[PDB]
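Take a look at the structure set out below.
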Amino acid sequence: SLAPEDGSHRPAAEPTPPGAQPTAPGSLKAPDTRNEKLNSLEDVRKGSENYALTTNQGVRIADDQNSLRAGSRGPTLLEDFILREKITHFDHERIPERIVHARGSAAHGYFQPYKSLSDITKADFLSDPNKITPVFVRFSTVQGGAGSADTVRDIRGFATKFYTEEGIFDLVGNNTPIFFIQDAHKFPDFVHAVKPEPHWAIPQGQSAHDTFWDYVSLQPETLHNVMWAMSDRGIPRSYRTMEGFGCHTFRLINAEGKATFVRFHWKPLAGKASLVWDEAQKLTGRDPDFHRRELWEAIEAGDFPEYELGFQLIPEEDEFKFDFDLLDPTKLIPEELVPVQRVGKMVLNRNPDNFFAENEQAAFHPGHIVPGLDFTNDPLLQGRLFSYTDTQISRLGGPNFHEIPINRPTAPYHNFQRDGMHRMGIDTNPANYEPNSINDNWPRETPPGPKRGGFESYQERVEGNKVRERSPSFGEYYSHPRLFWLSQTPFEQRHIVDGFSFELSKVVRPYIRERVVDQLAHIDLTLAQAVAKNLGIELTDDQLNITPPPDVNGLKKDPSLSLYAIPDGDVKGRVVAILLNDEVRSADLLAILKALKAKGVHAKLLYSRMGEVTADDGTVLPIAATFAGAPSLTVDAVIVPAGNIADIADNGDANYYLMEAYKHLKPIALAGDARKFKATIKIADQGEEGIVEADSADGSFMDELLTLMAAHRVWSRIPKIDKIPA
Amino acid sequence: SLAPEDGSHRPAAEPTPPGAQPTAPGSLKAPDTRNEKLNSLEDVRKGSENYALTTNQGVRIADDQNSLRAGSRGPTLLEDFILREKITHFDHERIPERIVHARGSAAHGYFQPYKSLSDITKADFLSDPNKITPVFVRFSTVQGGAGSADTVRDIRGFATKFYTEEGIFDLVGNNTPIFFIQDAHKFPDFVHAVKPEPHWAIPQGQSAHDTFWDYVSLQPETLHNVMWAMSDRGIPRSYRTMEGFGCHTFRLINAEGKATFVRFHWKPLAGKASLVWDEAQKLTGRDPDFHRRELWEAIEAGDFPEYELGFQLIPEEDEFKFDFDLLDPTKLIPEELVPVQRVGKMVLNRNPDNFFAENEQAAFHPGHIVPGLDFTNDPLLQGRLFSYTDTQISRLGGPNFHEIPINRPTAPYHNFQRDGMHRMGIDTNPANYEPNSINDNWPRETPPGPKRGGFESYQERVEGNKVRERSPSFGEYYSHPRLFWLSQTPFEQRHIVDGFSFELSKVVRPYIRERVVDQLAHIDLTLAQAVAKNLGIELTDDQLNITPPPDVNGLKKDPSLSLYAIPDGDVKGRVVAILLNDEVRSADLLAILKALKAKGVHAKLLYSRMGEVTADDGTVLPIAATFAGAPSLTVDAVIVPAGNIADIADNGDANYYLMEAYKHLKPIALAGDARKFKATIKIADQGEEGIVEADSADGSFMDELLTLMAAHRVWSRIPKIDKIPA
Amino acid sequence: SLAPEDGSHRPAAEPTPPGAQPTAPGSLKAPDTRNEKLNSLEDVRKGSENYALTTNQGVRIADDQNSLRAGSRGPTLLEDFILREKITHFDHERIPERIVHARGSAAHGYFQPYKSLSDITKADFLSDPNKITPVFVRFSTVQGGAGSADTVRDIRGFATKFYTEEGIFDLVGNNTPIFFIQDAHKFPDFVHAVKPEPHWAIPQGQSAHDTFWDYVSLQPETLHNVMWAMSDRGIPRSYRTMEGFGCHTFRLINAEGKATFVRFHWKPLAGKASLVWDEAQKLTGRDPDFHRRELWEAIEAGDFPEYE
Amino acid sequence: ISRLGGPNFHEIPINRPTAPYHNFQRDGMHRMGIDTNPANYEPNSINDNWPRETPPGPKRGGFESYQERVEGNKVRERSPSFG
Ligand code: HDE
Ligand code: HDE
Ligand code: HDD
Ligand SMILES: [S]
Ligand SMILES: [S]
Ligand SMILES: [S]
C-alpha cells in the first residue's frame, strides 16, 4: 500500500507552475524559505516519515484496521481504548467558525519599509528599511460559511498580522475603503440582514435577497459600500489583484508626541483585476475553491503576492477641512485630495503546513496595535475594539488563544496573567500580582519613550455629554456613492447597473425594489433610470426632479476609484488555456510556450480526454485536464494552435470553451486552421480587436496576445456579446 | 526596588527544613534536580526577572495601575485594550474541577525497577534496572471540591503517570485495596450518595450524612470499603504514610504471550500512620491545607516521599482457586495467600512550578497502558475505561488534552488525528489517513513483539449471552469486612466503632442508622453491639443470632491489613513542637535539637508572641509561631525544656497545647521544672508510659522520646483520655 | 418498597425548628410559598414519585444495577448506550466555579417598598408600596473555592437579583461599605495576591499569607477594607446578622431627569452579630457548611432572613 | 459534548422527548430541568426509590437487550466472511 517506485507521489521541493506537481504543505514544498516566525513554529511542527503510528499517549498501534471484538463477527468491546481515542479525537475536530469572514485563505510572508518613518511614527516596524517583519495574511469573503465558495459577489477581508519586535500589530482591513454602517452598535443588524435569513438559512454567500435590500432601503448610510459591492470590485479575479484598505482613520504618534491622522492602503503589485458576474457566478459551481487554489499555486510557482503599503496622512489641524467627517467610515478620502504615500512592501512567499492549525485558528484583531500607533473616535472602530477579543473566547476556546502557535508573538511577553483553559505557559514567577516585593516587582512597567517604551494613549481632548447620538456631520449619504459612480468607466457603470438589476430581481417583495430605486435616484438619475428599466419600474416626476448631491470638495470624479481607468496590468502569474488536437503543430506550440514563459504566464494543455497526445514531431504532450474539467472560467485567455483541427472542430465542448471565453471578454488567439473557429463566435474575415489570428503562432502573434492580456479583458467587445448564446 | 536590601525576600535554593524559608516553585527551589520529563517542559517554562510587563501580544505596558478614562475622574473608555485583555484573562481563569478527586496535591519524581521483569512482562519501563522512568504523582481525597480540606475522613487517591519510552502508563490507584461498588454502571449512584446532597449542597468532604448511609444500607457490597473508610485508614497522617493499591486485577503479558494476573501495590517507605478522628477534624479547621503543605515541605527539605512498587501475581490457571472472584473489586487478595513481590522504587523529588498548569491540568486515566500490560473483565475497571477519556472533553476543553505540557508523552507520538480545539501540533504529513500512498503510508503500524512492538490485546476467551447481570460469584458481602475487622488491633477496632458511631449520629433519619446496624450484625456481633450502644439501639434476638460469615480461604485474620499490628515506624521528617519560655535552659535545648537533627526530625519553636526570646546563657532563639498559631494538631510530639516555667505555667494556650497533644496520644517530654505541667494533664508522680520526664534533657531523655515517636502514638493512653476536658 | 412503613423518611411540609426534620428541596418543604418568579419556574421543575426511571431520551430502563456484558463475568459491550449515557452525564457534571465568590448560599424571597419613591427615581419596582418584587439572593465568601469553608475570615458578598416588571436589576453588594482597591485595572493583582499562591495553591479561604500582606504593604489604598476584614466584621455569626452595602455611588433618576447620587445599604432586622476568631476557625473544621446550613434551616423554621 | 456544549443536549427543545423522562442524572452545563427529587441516586429509601426501574414486558416495559450468544477470543480481526 505504498508509494510508486518512480517517486511520482512526492512534489518537487522547487518552484513549479500551477498543475505541474501535486500541491504540498509549505515546509515540504519550500523548506529553504524562512523567516523568524516560520522558524519559531518549529517547536510544534510534527513530521511523519519513518515514525511508528501511535495513540496520542505514545503507544504503538499494531492493527489500525479493526475494532477489538469478542470473536471476529462479535460485538465491539468497551476496553478498545485505541478505537475510542481515535474516534473521540475525530468527534471533536470542529470549532466554531468566525461569525463573519468564515471563508478565508492565508499565507506567510515578510514586510519591510522603504525608508524610516520616524518623523511621523515611532512604530519599530517602520523605523528601518532593513528591518524585516514576518507577516501572516488571511484574505476572506464576509457573509458565507467556511465551506462557501470563493468567487461570490461580496466584500473581501484582507487581514495582516505583523510580528514586530515591539509586539503583534494586526491591520485588519477590507478590499473597499469604507463600510456599510456608521456605528458598531448596528453591526449585528447589518450582518443579520446580509446573512442567510433566519427561518430557512438561505441564501449562502449572497446579498441578493429581501432582508439585505430591506436594510439598505431603510439605512441610506449603506449606499456607498453597496455601490462598491455592486461594481466589479465585488468579484475580484484573485486576492493578488484587489486593493486593501484599513477602513478607519487611525493615528500615527512620533517620538515628539505629535499625532497624525492616517488611513492605510495596500496596492496590489500585480494590478487591479476583477471577473464579470456571469463568470464569477458560474465559477462558484465549477470551482468553489478558485481563489484559495490560485493563491496557493501562485506561491508554489514563485509568483509571490506582493503589496505596497501606503498611507493617506492628515495633520491634526486639518481634521475639519473636508466636507465629510474624517471619523465617518462610510466616507472615503479621495486620493485627489490626499495622496497615498508609499511606505513599504509585503511579499507572501510561503503557504502554511496545516490549514486548520495555522489558518482556521489564526486570530486577528484591530485593537492589536503597538507604540507609535493609536485609535480615533471613529464609532465603528470603537466598537470593533470590544468584539475581536470577546469572540475568541468561544471560537478558540478561551483566553489563552495567544498561545496557539500561529498567534504567538515573536517579541517577548511576560505578565501576571495565569491559568485559563489549555494553559501552555508554565510561569515560574513567585509572584502573580504587582506591585510585589517577592520578585522585586518583575516583570516591570516601562515608561513610554522613543523606542522600546510602554504604550501610552495619545492625550486626545474629550468634551461632550454622555449621549447615544449620531454626529450631525455623519448625516450625508449620497455624495460619495455619486463620486464613485462618476469615477467609473462606461463599462464599469454598466456592470454596476447590472449588479443592482440582478440582485433586486431576486428580491421577492416588490416595494423593496422600488424603495432601493428611489435611493438610487438620490445618487444619480442615469443610474436610477437604468436599474428601474431593468426592473420594469418607471421613475415618478418627483424622482426625476431630485437634485443630485454636491461634489466632494469640488471633485467631479477621481480616477483612482476605478479598477480600470488607469492601466496597471501585470501578466506575470496569469494563465492561458491551450486547446490541443491529436496532431499539434509543434512549431506553433514551441513559439507559444516560449513567449508565455518570457512574461511569466502559465499554460494548461487541454484535450477531449486525459492521458497524452503526440505532436507532429513526436513530442508527447501530457494533458492537464479536459475541456469540461478546466473551463475557460479558470483562465485569462485561450490559444488554439494549428494541426489536425478536424479532430476538435465539431467537439461541442471545444466550441463552447471559446464561446464562454468570448462572452467573458477574454483574449482568444487562433493559429493556422484553428481560424475555422471564428465561425463559432461570429468574427468577420477582417478580424476583430480582441481576436488574435495569423497563419502561425509567431513573435508578432504572441506579442499581440500578450498585449491584450496586459489590458485584462476586451471591453470593446461588450456590444457584441448580447447575441451569443452562451 | 521593592525587594528588601538584605535579599530576605528570596528563598535559599537548597534543601531547608519546614518553616525555615518561604516555599518556592520547584525549578527555583531545586534548579539542579532533573529528569527527562522535567527537561522536556523547559520549552514552556516562562521566567520573569529583568523582563518588561507586556500584553499577551508582547506590547509593553507603561501604566499597570490605571484604566484609560476621559479625564482623571471620568468614564473608562472602550478603547482600553490593555484593561480588557487583563480582565478578560482573569474572567476566564477557572476550568471545571474533576468530578471526583477534585482536591489533590502533586509532585514530580522518578521510578526505577530493582531488576528486569522480562520473564513476566514485556513492559519496557520494567525491563532494565538502569532504566529510569520520570513520574508525576497526584494524591487526592475523593468527595470534596478542589477548595475542600485535606484531613477529612475519606478514601484517598494515589495516581502515578509514568512517562515510559513506549508510551504513558497511568496507575490510577487509591489507598485501600478495594472499592465500594462492583459494576461501573452504579458509579454515579454511589458518588451522588456520598457527595453533598442536591437540594442544599451539604456536607463538604464528609460521608456523615443521610444519603451516603442510605445507599450503604441498601447495597451491602459497599460494606468492605466502608470498613476501611471508618478505620483510621480514612484519616492518614501524610500522603507519605499511606499504602496505595491499583484496585483491580490487571494482566502482565510477557514476550511469549503468557498472561499473569496482577494486583498493584505501593508500600510507603516512611511507614504507615494515621491521625485520630478528633485531631483530623479539628485540623481541617486549623489548616485545611495540611497534607498539601506537608508534601511540598517534605520535598523542599529532602524528605523525599518514597514508595516501593509491588505485585501480587496469580497464574492464569489459578483464576478460580479462591473463595472470592479475582474480578470482584469489592474483594481483596490477602497477602497471607498471595505475597507482594517487590518490583521497584519511586522517589518524589521536585515540586511543580505552577499548581494550575501542572497539577490542576494533569489528566490520569487507567486505560493508559503500554505493551506488556492488559485489562481483565473486572466490571468496575471495564466502565472506568470509558470515563477517564470522556470527562477530559469538558474538564480540559477538548481532545487535544495530551498536548497540555504536563500530559505530553516523552515517547514519540505520530498518527493521523487532526484539528480539535487548542490544536498545538502542526502536522506536515501530506496524508491524514491510512492506508495512503502519498506519504508511503507513514506513520506505519508496528507488529507486536518482545520490545518496541505494537499493542495487541491478550486473546482472552469470551463466552456467554449479552446480559445485564451480576456474576453470582460476586454475591457475598460480609466475609471480607469480617476479615478486615478481625485483623485490626483492639485500639484500631475501637476507632472503627467510633467512626461508624460518629457518622451514624449525623444521619437524621433513625431507621437508616438501624438498617446499618443490621448490616454490621452480619459482619461481627461485637462490632454491631458496640455501635448500637453508642446509638441507643438494642439488637433483636434475631440479630444476636446471625451466623458470622465464613473465613476467607481458611484465614481468621491477616496482619498486613492493620496499620499498626506490625511496627514499621520511621521518624525521619516528623516534627516536634518545642514550647519556649522567656529564659530557656540552653543546655536542654542544645541536647534536644542535637538528637532531633541526628534522626532527621524537625522542630518548631513556639511562644506566646512572635520575635525572639533569650536563653539563660544569652543565646537568641527565633520564634516560629505562637501556641495558637501552630497547634499541637500539626506536630508529632511536644517537648517542653526547663527554665523560667512561671512565664508560661498560667498561659491557657500553653496548657491547652499539652492537653490537646495528650488527648491525641502524642508523645510528650518534660525536663526539669517543665515537670510542673504534669498537673495539667493529670500525670501521677511516678510518671506514666508515653510521658518522658527527667531533671535535664539528656542522658537517655531524647532516646526515650524518639523511641516513642518511632511507635507513632501512645495507644496505651486511650483509657485515660476520656477524663480530660480537651 | 424501600421507604419505612411509618413514613418517617419524608419531612413534614410545615415550618419546623432546626434538626426536628430532615431538610428538603424548597418546593417540597413549603409548597404554598409562592411569588411570580417561583411560579414561573414551574415549567422546568421536575418531580419523581410514581414515574419510571428512563434514559434522557425517554426510554424506560429495566436494570439500573448492571452494564451489558458478554456473559455475567465477561467484558462490557460498547453497545451499552444506557451505561454510556449515564456515565457521560456524570463525567460532565461540573462547570467552572466563579472566579471570586465561588463559595455561596442562596434563597428565594420578595421585596416591597415602604412608600412610593417616584419623587427621586422612576424605577418601577420602587414606585408603589403595593409593588411586590420577587428576589433571589446569594451570600458568599470571596477568596475560597465552592468547596471551601463558610466561617473563614473574609469579606462576604450579598447579591440580590430583583425580578422587576421593567427588567432584572442586580444589586451586587458586600458586607462592608468599601473595597480594597480604587481602579478595576488592579482587580486581578489584588485577587491574585489574596488567593492561594500560585506555586503550591495554599492557603484556602485565608488572607493570612505573604502575598496578600505584600500587596497590602505596597498599596496603602487597601488599608481601609483591610481594617474591616481584620475586625469581627470578617467573621459573621450568620448571613442574617451582617450588613450589606452597594459599595459604589450610583445615581437615581426621576421622571424629570433629575439625578441624585445614591449609596445602597441593607440593614439586617435580626441585628449585627459576629463570631470570635478562635470559634470561627475551629468552626471551619467542625462544620465548614455552618452558614449555608444556618440559612437553609432558618428559612425552614420560619425565621426568614429580613433586611431593610 | 463539543457540538452542543455538554450532556444536557436532550433539553435543547427540538431534541426533547415527548415521552416522560425521569432519572438520577444531575447538573452539567446549561442545565434546564430543576429536579425536586430528594434523592439523586438509587437504590434510595428517602424517595421510596422513585423513579423506579420497569421490567421488560409486551408494552410500556423497560429495555432489555436480546440475549445473543457471544463466543470467541478478544481479537482485532476482520471476519473472513467480509473479504
Ligand atoms: C475595515 C475592515 C473591517 C470592518 C470595518 C469590520 N470588520 Fe470585522 N469581525 C468581527 C467583528 C466586527 C465588528 C464588531 C465590526 C464593526 C463594528 C466589524 N467586524 C467590521 C469579529 C467578530 O471580531 C471577527 C469575526 C471572527 C474574528 O476572529 O473576528 C471579525 C472578523 C474580521 C476579519 C477576519 C480576520 C480573519 O480572521 O481573517 C476581517 C478582515 C475583518 N473583520 C475586517 C473588518
Ligand atoms: C481503583 C482506584 C480508583 C477506582 C477503583 C476508581 N477511581 Fe476514579 N475517576 C473517574 C471515574 C471513575 C469511575 C467511572 C470508577 C469506577 C466505575 C472509578 N472512578 C473508580 C473519573 C470521573 O473519570 C475521574 C475524575 C477526574 C478524571 O480525570 O477521572 C476519576 C478520578 C480518579 C483519580 C484522580 C486522578 C488525579 O487527577 O489525581 C484517582 C486516583 C482515581 N479516580 C482512582 C480510582
Ligand atoms: C473588575 C473585576 C471585578 C471587580 C473590580 C469587582 N468584581 Fe465582583 N465579580 C467579578 C468581577 C469583579 C466577577 C469575576 O465577574 C464575578 C465572579 C464571577 C461572576 O459571575 O462575577 C464576581 C462576583 C461577585 C459577587 C458574587 C455574585 C454571586 O454571588 O454570584 C459579588 C457579591 C461581587 N462580585 C461583589 C463585588 C463588590 C462588592 C465589589 C467592590 C465593591 C466587586 N465585586 C468588584
Ligand atoms: S471600514
Ligand atoms: S478498586
Ligand atoms: S465597593
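Numbering, chain A: per Swiss-Prot, residues 28-753 in sequence.
Recorded method for this deposit: X-ray crystallography, 1.8 Å.
Keep in mind that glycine also has a Cβ here, set from the backbone N, Cα and C atoms.
In the three-state DSSP classification, A:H128 (active site) falls within coil. Residues annotated as active site in Swiss-Prot: A:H128 (among others).
As annotated by Swiss-Prot, active site applies to A:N201 (among others), with the evidence given as sequence analysis. A:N201 (active site): 23 other CB atoms within 10 A of its CB, across all protein chains.
As annotated by Swiss-Prot, heme binding site applies to A:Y415. All protein chains included, A:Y415 (heme binding site) registers 17 other Cβ atoms within 10 Å of its own Cβ.
Counting only same-chain residues 6+ beyond the ends of the region 'Disordered' (A:459-493), those with a CB under 8 A from a CB of the stretch are 149, 151, 154, 193, 278, 280, 282, 284, 286, 397-398, 401, 404, 441-443, 445. Swiss-Prot lists A:459-493 with the feature region 'Disordered'.
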Three-state secondary structure, which DSSP defines for A:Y415 (heme binding site): helix
Surrounding CB atoms that lie within 10 Å of the CB of A:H128 (active site), all protein chains: 23
Alpha-carbon spacing, A:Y415 (heme binding site) to A:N201 (active site), which is rounded to whole Å: 15
A:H128 (active site) and A:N201 (active site), Cα-Cα, nearest whole angstrom: 10
DSSP-assigned states of the region 'Disordered' (A:459-493) in counts, ordered helix, strand, coil: 0 helix, 2 strand, 33 coil
